[PDB]
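*Asks:* Next comes the structure file my_file-v5.txt, holding compact mmCIF, C-alpha atoms and all ligand atoms.
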# COMPACT_ATOMS: atom_id res chain seq x y z
CA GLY T 1 -117.63 81.54 133.42
CA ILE T 2 -115.13 84.36 133.34
CA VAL T 3 -112.76 82.90 135.95
CA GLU T 4 -112.57 79.57 134.18
CA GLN T 5 -111.95 81.22 130.82
CA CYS T 6 -109.61 84.00 131.81
CA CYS T 7 -107.57 82.26 134.54
CA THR T 8 -106.87 79.34 132.17
CA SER T 9 -105.40 81.54 129.43
CA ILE T 10 -105.10 85.26 129.02
CA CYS T 11 -108.24 87.04 127.91
CA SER T 12 -107.74 89.87 125.44
CA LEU T 13 -109.46 93.20 125.97
CA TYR T 14 -111.97 92.11 123.29
CA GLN T 15 -112.66 88.91 125.20
CA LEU T 16 -113.07 90.84 128.46
CA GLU T 17 -115.47 93.28 126.81
CA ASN T 18 -117.92 90.40 126.28
CA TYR T 19 -118.46 90.39 130.01
CA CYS T 20 -119.45 94.13 130.20
CA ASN T 21 -122.95 95.49 130.34
CA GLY H 1 -96.39 114.77 130.21
CA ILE H 2 -98.71 111.78 130.19
CA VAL H 3 -99.54 112.00 133.91
CA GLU H 4 -100.73 115.60 133.63
CA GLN H 5 -102.67 114.75 130.48
CA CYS H 6 -104.39 111.66 131.87
CA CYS H 7 -104.83 112.79 135.49
CA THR H 8 -106.62 115.93 134.43
CA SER H 9 -108.98 114.22 132.00
CA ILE H 10 -109.67 110.52 131.61
CA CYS H 11 -107.61 108.56 129.08
CA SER H 12 -109.30 105.53 127.54
CA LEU H 13 -107.55 102.22 126.90
CA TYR H 14 -107.79 103.08 123.15
CA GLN H 15 -105.97 106.32 123.74
CA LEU H 16 -103.28 104.58 125.82
CA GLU H 17 -102.60 101.88 123.23
CA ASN H 18 -100.47 104.24 121.13
CA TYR H 19 -97.89 104.31 123.95
CA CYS H 20 -97.22 100.58 123.73
CA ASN H 21 -94.03 99.16 122.29
CA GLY D 1 -125.65 104.22 142.99
CA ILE D 2 -122.31 103.26 144.47
CA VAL D 3 -120.25 106.17 143.06
CA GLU D 4 -122.62 108.80 144.44
CA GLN D 5 -122.81 107.00 147.77
CA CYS D 6 -119.17 106.05 148.22
CA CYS D 7 -116.75 108.37 146.39
CA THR D 8 -116.84 111.34 148.83
CA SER D 9 -117.64 109.71 152.16
CA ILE D 10 -116.22 106.30 152.99
CA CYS D 11 -118.52 103.32 152.64
CA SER D 12 -117.87 100.66 155.22
CA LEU D 13 -117.50 97.04 154.07
CA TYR D 14 -120.96 96.52 155.55
CA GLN D 15 -122.45 99.34 153.39
CA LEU D 16 -120.64 97.93 150.33
CA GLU D 17 -122.62 94.69 150.79
CA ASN D 18 -125.52 96.64 149.24
CA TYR D 19 -123.81 96.06 145.86
CA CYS D 20 -123.31 92.32 146.15
CA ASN D 21 -125.44 89.98 144.07
CA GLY P 1 -98.29 83.57 160.50
CA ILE P 2 -100.79 85.26 158.18
CA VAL P 3 -98.88 84.25 154.99
CA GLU P 4 -98.67 80.56 155.88
CA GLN P 5 -102.31 80.61 156.81
CA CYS P 6 -103.82 82.83 154.15
CA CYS P 7 -101.63 82.10 151.14
CA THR P 8 -102.32 78.32 151.50
CA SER P 9 -106.09 78.64 151.83
CA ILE P 10 -108.39 81.64 151.21
CA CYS P 11 -108.98 83.54 154.37
CA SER P 12 -112.45 84.99 154.70
CA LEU P 13 -113.02 88.52 155.88
CA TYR P 14 -113.76 87.21 159.34
CA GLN P 15 -110.55 85.17 159.32
CA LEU P 16 -108.54 88.23 158.25
CA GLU P 17 -110.05 90.19 161.12
CA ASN P 18 -108.16 87.81 163.38
CA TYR P 19 -105.06 89.85 162.44
CA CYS P 20 -106.31 93.38 163.16
CA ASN P 21 -105.34 95.26 166.28
CA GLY S 1 -98.96 110.36 161.31
CA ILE S 2 -98.09 108.72 158.00
CA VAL S 3 -101.40 109.79 156.52
CA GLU S 4 -100.89 113.41 157.48
CA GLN S 5 -97.27 113.36 156.29
CA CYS S 6 -97.54 111.27 153.08
CA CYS S 7 -101.00 112.05 151.70
CA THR S 8 -100.28 115.80 152.14
CA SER S 9 -96.90 115.52 150.36
CA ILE S 10 -95.26 112.75 148.31
CA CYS S 11 -93.06 110.55 150.44
CA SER S 12 -89.99 108.93 149.02
CA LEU S 13 -89.27 105.21 149.58
CA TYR S 14 -86.58 106.39 152.03
CA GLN S 15 -89.16 108.42 154.00
CA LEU S 16 -91.62 105.53 153.96
CA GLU S 17 -88.97 103.16 155.33
CA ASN S 18 -89.16 105.07 158.62
CA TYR S 19 -92.54 103.52 159.20
CA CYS S 20 -91.12 99.95 158.98
CA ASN S 21 -90.53 97.79 162.01
CA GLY X 1 -85.40 90.26 130.92
CA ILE X 2 -87.48 91.35 133.83
CA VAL X 3 -89.97 88.47 133.56
CA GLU X 4 -87.30 85.75 133.51
CA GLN X 5 -85.40 87.61 136.28
CA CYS X 6 -88.33 88.62 138.54
CA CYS X 7 -91.31 86.32 137.95
CA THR X 8 -89.49 83.23 139.11
CA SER X 9 -87.73 84.59 142.16
CA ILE X 10 -88.35 87.79 144.15
CA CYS X 11 -86.54 90.86 142.84
CA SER X 12 -85.64 93.35 145.51
CA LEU X 13 -86.26 97.04 144.86
CA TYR X 14 -82.50 97.34 144.13
CA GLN X 15 -82.75 94.66 141.47
CA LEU X 16 -85.73 96.44 139.93
CA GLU X 17 -83.57 99.58 139.35
CA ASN X 18 -82.18 97.68 136.36
CA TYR X 19 -85.39 98.60 134.53
CA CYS X 20 -85.48 102.34 135.24
CA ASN X 21 -84.81 104.73 132.39
CA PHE Y 1 -114.20 112.91 136.36
CA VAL Y 2 -110.82 111.29 136.90
CA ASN Y 3 -111.41 111.19 140.70
CA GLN Y 4 -114.48 109.02 140.16
CA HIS Y 5 -112.56 106.79 137.77
CA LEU Y 6 -109.88 106.27 140.42
CA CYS Y 7 -112.49 105.75 143.15
CA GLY Y 8 -114.20 103.06 141.05
CA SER Y 9 -111.04 100.94 140.79
CA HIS Y 10 -110.87 100.80 144.57
CA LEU Y 11 -114.61 100.13 144.85
CA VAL Y 12 -114.34 97.08 142.59
CA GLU Y 13 -111.47 95.70 144.67
CA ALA Y 14 -113.50 96.15 147.83
CA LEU Y 15 -116.64 94.56 146.35
CA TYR Y 16 -114.61 91.57 145.17
CA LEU Y 17 -113.39 91.05 148.72
CA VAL Y 18 -116.68 91.75 150.54
CA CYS Y 19 -119.01 89.84 148.27
CA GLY Y 20 -117.11 86.56 147.96
CA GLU Y 21 -118.90 83.77 146.13
CA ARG Y 22 -121.93 85.99 145.61
CA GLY Y 23 -120.10 88.31 143.27
CA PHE Y 24 -121.29 91.88 142.75
CA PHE Y 25 -122.58 94.41 140.26
CA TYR Y 26 -120.62 97.52 139.46
CA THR Y 27 -123.05 100.09 138.21
CA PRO Y 28 -121.53 103.54 138.25
CA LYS Y 29 -124.56 105.37 136.80
CA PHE W 1 -108.44 78.12 146.00
CA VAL W 2 -105.87 80.91 146.71
CA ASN W 3 -104.55 81.05 143.15
CA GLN W 4 -108.02 81.43 141.71
CA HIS W 5 -108.84 84.07 144.31
CA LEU W 6 -105.78 86.10 143.32
CA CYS W 7 -106.48 85.72 139.61
CA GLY W 8 -110.06 86.93 140.13
CA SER W 9 -108.76 90.05 141.85
CA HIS W 10 -106.75 90.93 138.77
CA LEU W 11 -109.65 90.02 136.48
CA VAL W 12 -112.18 92.37 138.05
CA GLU W 13 -109.70 95.26 137.93
CA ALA W 14 -109.19 94.60 134.19
CA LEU W 15 -112.91 94.37 133.59
CA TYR W 16 -113.35 97.65 135.44
CA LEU W 17 -110.99 99.38 133.01
CA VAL W 18 -112.42 97.73 129.88
CA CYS W 19 -116.09 98.30 130.72
CA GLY W 20 -115.84 101.89 131.95
CA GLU W 21 -119.11 103.71 132.52
CA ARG W 22 -121.00 100.64 131.28
CA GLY W 23 -120.04 98.68 134.35
CA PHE W 24 -120.36 94.95 134.63
CA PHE W 25 -121.63 92.10 136.71
CA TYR W 26 -119.14 89.67 138.28
CA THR W 27 -120.80 86.34 138.91
CA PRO W 28 -118.86 83.37 140.20
CA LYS W 29 -118.61 80.89 138.93
CA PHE J 1 -112.63 111.28 153.64
CA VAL J 2 -112.36 109.06 150.61
CA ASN J 3 -109.14 110.67 149.35
CA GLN J 4 -107.38 109.69 152.61
CA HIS J 5 -108.95 106.22 152.54
CA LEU J 6 -107.62 105.64 149.00
CA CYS J 7 -104.23 107.09 149.79
CA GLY J 8 -103.89 104.67 152.69
CA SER J 9 -104.37 101.67 150.38
CA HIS J 10 -101.38 102.85 148.37
CA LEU J 11 -99.34 103.56 151.53
CA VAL J 12 -99.80 100.03 152.81
CA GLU J 13 -98.75 98.57 149.47
CA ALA J 14 -95.65 100.77 149.35
CA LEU J 15 -94.77 99.82 152.94
CA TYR J 16 -95.18 96.15 152.02
CA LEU J 17 -92.63 96.62 149.22
CA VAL J 18 -90.17 98.74 151.20
CA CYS J 19 -90.21 96.95 154.52
CA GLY J 20 -89.78 93.46 153.00
CA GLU J 21 -89.17 90.74 155.61
CA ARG J 22 -89.25 93.34 158.41
CA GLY J 23 -92.95 94.05 157.91
CA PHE J 24 -94.56 97.15 159.31
CA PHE J 25 -97.18 98.63 161.54
CA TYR J 26 -100.00 100.51 159.89
CA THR J 27 -101.43 102.97 162.38
CA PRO J 28 -103.89 105.62 161.15
CA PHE I 1 -90.71 81.32 144.17
CA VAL I 2 -92.68 84.58 143.87
CA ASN I 3 -96.21 83.55 144.81
CA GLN I 4 -95.91 84.26 148.55
CA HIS I 5 -94.52 87.72 147.75
CA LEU I 6 -97.37 88.43 145.36
CA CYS I 7 -100.05 86.95 147.63
CA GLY I 8 -98.71 89.08 150.50
CA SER I 9 -99.38 92.24 148.44
CA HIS I 10 -103.02 91.25 148.05
CA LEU I 11 -103.25 90.27 151.70
CA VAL I 12 -102.11 93.60 153.10
CA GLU I 13 -104.59 95.43 150.91
CA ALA I 14 -107.36 93.20 152.23
CA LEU I 15 -106.23 93.72 155.82
CA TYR I 16 -106.23 97.46 155.28
CA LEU I 17 -109.89 97.31 154.25
CA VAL I 18 -110.95 94.90 156.99
CA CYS I 19 -109.14 96.51 159.91
CA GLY I 20 -110.02 100.12 159.12
CA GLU I 21 -108.98 102.65 161.75
CA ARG I 22 -108.00 99.77 164.07
CA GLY I 23 -104.84 99.23 162.02
CA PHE I 24 -102.76 96.10 161.93
CA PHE I 25 -99.24 94.76 162.20
CA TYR I 26 -97.94 92.92 159.17
CA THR I 27 -95.43 90.34 160.18
CA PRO I 28 -94.22 87.52 157.88
CA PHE U 1 -99.05 116.55 144.06
CA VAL U 2 -99.91 113.38 145.95
CA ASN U 3 -103.03 113.30 143.77
CA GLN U 4 -100.90 113.09 140.67
CA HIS U 5 -98.61 110.51 142.21
CA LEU U 6 -101.41 108.13 143.03
CA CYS U 7 -103.22 108.74 139.75
CA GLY U 8 -100.00 107.86 137.95
CA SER U 9 -99.90 104.47 139.65
CA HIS U 10 -103.31 103.69 138.16
CA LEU U 11 -102.20 105.06 134.79
CA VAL U 12 -99.31 102.61 134.56
CA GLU U 13 -101.66 99.74 135.47
CA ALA U 14 -103.86 100.77 132.54
CA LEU U 15 -100.84 100.95 130.22
CA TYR U 16 -99.85 97.48 131.39
CA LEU U 17 -103.33 96.11 130.63
CA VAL U 18 -103.57 97.55 127.15
CA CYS U 19 -100.01 96.82 126.10
CA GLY U 20 -99.88 93.21 127.30
CA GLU U 21 -96.87 91.26 126.18
CA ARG U 22 -95.68 94.19 124.10
CA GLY U 23 -94.80 96.27 127.14
CA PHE U 24 -94.26 100.00 127.19
CA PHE U 25 -91.93 102.88 127.90
CA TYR U 26 -93.07 105.13 130.76
CA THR U 27 -91.75 108.58 131.51
CA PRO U 28 -93.34 111.37 133.47
CA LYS U 29 -91.29 113.94 131.47
CA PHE G 1 -100.70 79.64 132.32
CA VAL G 2 -101.62 83.26 133.20
CA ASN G 3 -99.05 83.57 136.00
CA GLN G 4 -96.56 85.75 134.12
CA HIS G 5 -99.33 88.12 132.98
CA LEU G 6 -100.40 88.63 136.57
CA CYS G 7 -96.82 88.99 137.80
CA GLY G 8 -96.18 91.76 135.26
CA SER G 9 -98.95 93.86 136.80
CA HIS G 10 -97.13 93.71 140.13
CA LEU G 11 -93.79 94.46 138.42
CA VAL G 12 -95.03 97.67 136.85
CA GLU G 13 -96.46 98.91 140.11
CA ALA G 14 -93.14 98.37 141.82
CA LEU G 15 -91.21 99.96 138.98
CA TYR G 16 -93.44 103.02 139.21
CA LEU G 17 -92.41 103.44 142.84
CA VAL G 18 -88.70 102.59 142.42
CA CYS G 19 -88.08 104.64 139.26
CA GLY G 20 -89.71 107.94 140.32
CA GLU G 21 -87.64 110.57 138.59
CA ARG G 22 -87.29 109.01 135.20
CA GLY G 23 -89.77 106.20 134.84
CA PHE G 24 -89.06 102.76 133.49
CA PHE G 25 -89.03 100.59 130.40
CA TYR G 26 -91.17 97.45 130.67
CA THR G 27 -90.24 94.86 128.08
CA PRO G 28 -91.34 91.32 128.81
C1 LIG C 1 -114.17 80.53 140.75
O1 LIG C 1 -113.65 80.87 139.73
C2 LIG C 1 -114.75 79.20 140.52
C3 LIG C 1 -114.27 78.72 139.14
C4 LIG C 1 -113.72 77.28 139.15
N1 LIG C 1 -112.48 76.95 138.39
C5 LIG C 1 -111.90 77.62 137.21
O2 LIG C 1 -112.49 78.59 136.75
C6 LIG C 1 -110.61 77.11 136.53
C7 LIG C 1 -109.35 77.17 137.40
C8 LIG C 1 -108.77 78.59 137.50
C9 LIG C 1 -107.25 78.58 137.26
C10 LIG C 1 -106.48 79.42 138.30
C11 LIG C 1 -105.09 79.78 137.80
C12 LIG C 1 -104.75 81.17 138.28
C13 LIG C 1 -103.28 81.43 138.35
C14 LIG C 1 -103.16 82.56 139.36
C15 LIG C 1 -101.69 82.67 139.64
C16 LIG C 1 -101.52 82.33 141.09
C17 LIG C 1 -100.45 83.25 141.62
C18 LIG C 1 -100.89 84.66 141.44
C19 LIG C 1 -99.86 85.56 142.06
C20 LIG C 1 -100.27 86.96 141.69
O3 LIG C 1 -101.12 87.59 142.43
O4 LIG C 1 -99.82 87.50 140.64
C21 LIG C 1 -114.79 76.32 138.75
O5 LIG C 1 -115.28 75.55 139.62
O6 LIG C 1 -115.18 76.27 137.56
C1 LIG C 2 -130.26 106.32 139.98
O1 LIG C 2 -130.28 106.98 138.93
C2 LIG C 2 -129.98 106.95 141.37
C3 LIG C 2 -131.25 107.72 141.48
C4 LIG C 2 -131.84 108.12 142.81
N1 LIG C 2 -132.23 106.97 143.62
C5 LIG C 2 -131.66 106.68 144.87
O2 LIG C 2 -130.73 107.35 145.30
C6 LIG C 2 -132.20 105.49 145.60
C7 LIG C 2 -131.23 104.31 145.46
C8 LIG C 2 -131.79 103.01 145.98
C9 LIG C 2 -131.49 102.72 147.43
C10 LIG C 2 -132.31 103.59 148.34
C11 LIG C 2 -132.63 102.80 149.59
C12 LIG C 2 -132.99 103.80 150.69
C13 LIG C 2 -132.80 103.26 152.10
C14 LIG C 2 -131.63 103.98 152.79
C15 LIG C 2 -130.91 103.03 153.76
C16 LIG C 2 -129.97 103.78 154.67
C17 LIG C 2 -129.44 102.82 155.73
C18 LIG C 2 -128.03 103.19 156.11
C19 LIG C 2 -127.13 101.98 156.02
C20 LIG C 2 -126.60 101.84 154.62
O3 LIG C 2 -126.04 102.82 154.06
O4 LIG C 2 -126.74 100.74 154.01
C21 LIG C 2 -133.08 108.83 142.41
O5 LIG C 2 -133.07 109.50 141.34
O6 LIG C 2 -134.14 108.79 143.07
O1 LIG C 3 -106.97 86.62 131.52
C1 LIG C 3 -106.81 87.65 132.42
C2 LIG C 3 -106.79 87.47 133.80
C3 LIG C 3 -106.61 88.58 134.65
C4 LIG C 3 -106.43 89.85 134.08
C5 LIG C 3 -106.45 90.00 132.70
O2 LIG C 3 -106.25 91.25 132.13
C6 LIG C 3 -106.65 88.90 131.87
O1 LIG C 4 -106.81 108.83 132.72
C1 LIG C 4 -106.46 107.78 133.51
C2 LIG C 4 -105.71 107.96 134.67
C3 LIG C 4 -105.44 106.86 135.43
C4 LIG C 4 -105.85 105.59 135.08
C5 LIG C 4 -106.61 105.43 133.94
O2 LIG C 4 -107.09 104.18 133.59
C6 LIG C 4 -106.90 106.53 133.14
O1 LIG C 5 -115.99 104.56 149.97
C1 LIG C 5 -115.04 103.73 149.40
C2 LIG C 5 -114.49 104.06 148.17
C3 LIG C 5 -113.57 103.21 147.61
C4 LIG C 5 -113.18 102.07 148.28
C5 LIG C 5 -113.72 101.76 149.53
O2 LIG C 5 -113.35 100.62 150.24
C6 LIG C 5 -114.69 102.59 150.10
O1 LIG C 6 -106.33 84.41 151.75
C1 LIG C 6 -106.22 85.62 151.10
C2 LIG C 6 -105.07 86.01 150.45
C3 LIG C 6 -105.06 87.25 149.82
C4 LIG C 6 -106.17 88.07 149.83
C5 LIG C 6 -107.30 87.66 150.51
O2 LIG C 6 -108.41 88.47 150.51
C6 LIG C 6 -107.34 86.44 151.19
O1 LIG C 7 -96.68 109.74 149.58
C1 LIG C 7 -97.07 108.48 149.17
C2 LIG C 7 -98.38 108.04 149.36
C3 LIG C 7 -98.79 106.78 148.93
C4 LIG C 7 -97.88 105.92 148.34
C5 LIG C 7 -96.56 106.38 148.17
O2 LIG C 7 -95.63 105.59 147.57
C6 LIG C 7 -96.15 107.64 148.57
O1 LIG C 8 -90.06 89.78 141.78
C1 LIG C 8 -91.11 90.65 141.82
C2 LIG C 8 -92.22 90.48 141.01
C3 LIG C 8 -93.26 91.38 141.08
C4 LIG C 8 -93.19 92.44 141.94
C5 LIG C 8 -92.07 92.63 142.73
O2 LIG C 8 -92.01 93.69 143.60
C6 LIG C 8 -91.02 91.73 142.69
NA NA C 9 -127.70 108.54 139.67
NA NA C 10 -108.73 98.89 137.77
ZN ZN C 11 -105.64 104.34 143.97
ZN ZN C 12 -101.55 89.46 142.07
Could you express the structure from this file as structure tokens?
*Replies:*
Amino acid sequence: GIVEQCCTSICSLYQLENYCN
Amino acid sequence: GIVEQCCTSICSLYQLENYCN
Amino acid sequence: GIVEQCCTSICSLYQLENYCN
Amino acid sequence: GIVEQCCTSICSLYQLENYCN
Amino acid sequence: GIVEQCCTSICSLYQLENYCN
Amino acid sequence: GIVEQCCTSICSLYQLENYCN
Amino acid sequence: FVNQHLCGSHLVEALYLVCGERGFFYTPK
Amino acid sequence: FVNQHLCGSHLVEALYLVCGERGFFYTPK
Amino acid sequence: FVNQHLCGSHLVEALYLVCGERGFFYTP
Amino acid sequence: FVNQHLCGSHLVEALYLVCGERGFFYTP
Amino acid sequence: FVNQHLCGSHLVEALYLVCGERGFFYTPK
Amino acid sequence: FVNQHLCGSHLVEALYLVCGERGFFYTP
């Protein structure tokens, strides 16, 4: 999930935007 | 300056990117 | 929605539970 | 104190309340 | 009250330090 | 720089003045 | 409005704290 | 668990700014 | 009032940074 | 070591929300 | 006044997020 | 690790408060 992905290595804004509605 | 500009009307992350190094 | 309900008058932490999954 | 307790393990809301007046 | 004094005008770090223990 | 200087050990607010304009 | 944008940042922080393992939905409408 | 808790706090603030008026769900996890 | 509520969040963070090891009392 | 300093910042913000008008002392 | 001051704190957080490892110059002037 | 990314967020917030009149230059 998002914590596993983005607390392992930095998520870009593009990567974060995948988690938006 | 930027605070007046962006505290009067919302500045998007796209708009803010041009202020990066 | 949460902005209408909580951005003028303070929503308690108990009221904010309404927006938990 | 609160740092030794709550920066070693996550304090819940209820546990934090221990530290209110 | 800090809220009355520092949300009604901007308080410097020096002014805020008065509220320290 | 600031990350080498301040993300390993705590920089005081005096130390952080090094990065003011 | 900017005020609502600033309010929302604080709302998300509060929901993160209140909701714990449940998580939350942020739906500004 | 504290480190993950703190990281998640930062993450939801970033998602708030990226998603804007679309909002988002935060679902541990 | 939400504006006061939100201001207080910033006050407590600034006090945390200013007061350092001394800590502070937050009394609304 | 910075993690206690950074965690403390998050902790006072959480205390502010939990304690409300009751207030709190912050004392490391 | 205080409004501006606190809004500016959020503004620099948004700059930080978008700029990442590049960093940024901030002036209120 | 993401630690330095998260620390930078805290750094900028502190710089905003310390460097009131003239702002700051954040270069990691
Ligand atoms: C909740 O997420 C359950 C998920 C869980 N595990 C993972 O997702 C993977 C492990 C996360 C790595 C955490 C590293 C975060 C580093 C944070 C820095 C700590 C200090 C922060 C100080 C500051 O506030 O800046 C699972 O079970 O899958
Ligand atoms: C969407 O576009 C908003 C539209 C609006 N709908 C509403 O405002 C209704 C939202 C759903 C929740 C209503 C539940 C009503 C029960 C009130 C409980 C009050 C209890 C006090 C404690 C507490 O605040 O939790 C519309 O267009 O109709
Ligand atoms: O990978 C991450 C974690 C937290 C905030 C962020 O912008 C990115
Ligand atoms: O226009 C603004 C002002 C403050 C924060 C932000 O993300 C945008
Ligand atoms: O009503 C609100 C608005 C923003 C944050 C909060 O804890 C409550
Ligand atoms: O144990 C903690 C530490 C920091 C914030 C929090 O909500 C709980
Ligand atoms: O007057 C204020 C109010 C809130 C935070 C701060 O640094 C100053
Ligand atoms: O050393 C640091 C790192 C981040 C914030 C701060 O106030 C000090
Ligand atoms: Na609506
Ligand atoms: Na945010
Ligand atoms: Zn704010
Ligand atoms: Zn942090």
*Asks:* One decimal, in Å: what's the spacing between atom CA of residue 1 of chain G and atom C20 of ligand LIG 1 (chain C)?
*Replies:* 11.9 Å
*Asks:* What's the 7 Å shell around segment 3-17 of chain G, counting all atoms listed in the file, without same-chain residues fewer than 5 positions away, as a VMD selection string?
*Replies:* (chain X and resid 7 16) or (chain U and resid 9 12 to 13 16) or (chain G and resid 23 to 24)
*Asks:* For the contact check between chain Y and chain U, emit one row per residue of chain Y within 10 Å, containing the shortest atom pair and the distance in Å rounded to one decimal, counting all atoms listed in the file, chain then rising number order, as a Markdown table.
*Replies:*
| residue | atom | partner | partner_atom | distance |
| --- | --- | --- | --- | --- |
| Y:2 | CA | U:7 | CA | 8.5 |
| Y:3 | CA | U:7 | CA | 8.6 |
| Y:5 | CA | U:7 | CA | 9.7 |
| Y:6 | CA | U:7 | CA | 7.1 |
| Y:9 | CA | U:10 | CA | 8.6 |
*Asks:* Kindly extract all protein, DNA and RNA residues lying within 10 Å of the coordinates (-83.4, 102.3, 135.2) given in the file, considering all atoms listed in the file, and supply them as number ranges by chain.
*Replies:* X: 15-21; G: 15, 18-25
*Asks:* What does the Cα RMSD come to when chain H is optimally superposed on chain P over every C-alpha atom in order?
*Replies:*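 In short, the RMSD is 1.0 Å.
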*Asks:* In Å, with one decimal, what is the gap from atom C4 of ligand LIG 1 (chain C) to atom CA of residue 11 of chain P?
*Replies:* 17.1 Å
*Asks:* For chain G fitted to chain I over all Cα atoms in order, what RMSD does a least-squares superposition give?
*Replies:* 0.6 Å
*Asks:* Please report, as JSON, the centre and edge lengths in Å to one decimal of an axis-aligned box covering all listed atoms of ligand LIG 3 (chain C) with 3 Å per side.
*Replies:*
{"center_x": -106.6, "center_y": 88.9, "center_z": 133.1, "size_x": 6.7, "size_y": 10.6, "size_z": 9.1}
*Asks:* Using Å and a single decimal, report how far atom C4 of ligand LIG 6 (chain C) sits from atom CA of residue 3 of chain P.
*Replies:* 9.7 Å
*Asks:* Kindly provide, as a PyMOL selection string, the residues of chain T having any atom no farther than 8 Å from an atom of chain G, counting all atoms listed in the file.
*Replies:* chain T and resi 7-10
*Asks:* Select from chain H every residue with an atom at most 10 Å from any atom of chain W, then for each give the shortest pair of atoms and their distance in Å to one decimal, using all atoms listed in the file, rows by chain and rising number, as JSON lines.
*Replies:*
{"residue": "H:12", "atom": "CA", "partner": "W:17", "partner_atom": "CA", "distance": 8.4}
{"residue": "H:13", "atom": "CA", "partner": "W:18", "partner_atom": "CA", "distance": 7.3}
{"residue": "H:14", "atom": "CA", "partner": "W:18", "partner_atom": "CA", "distance": 9.8}
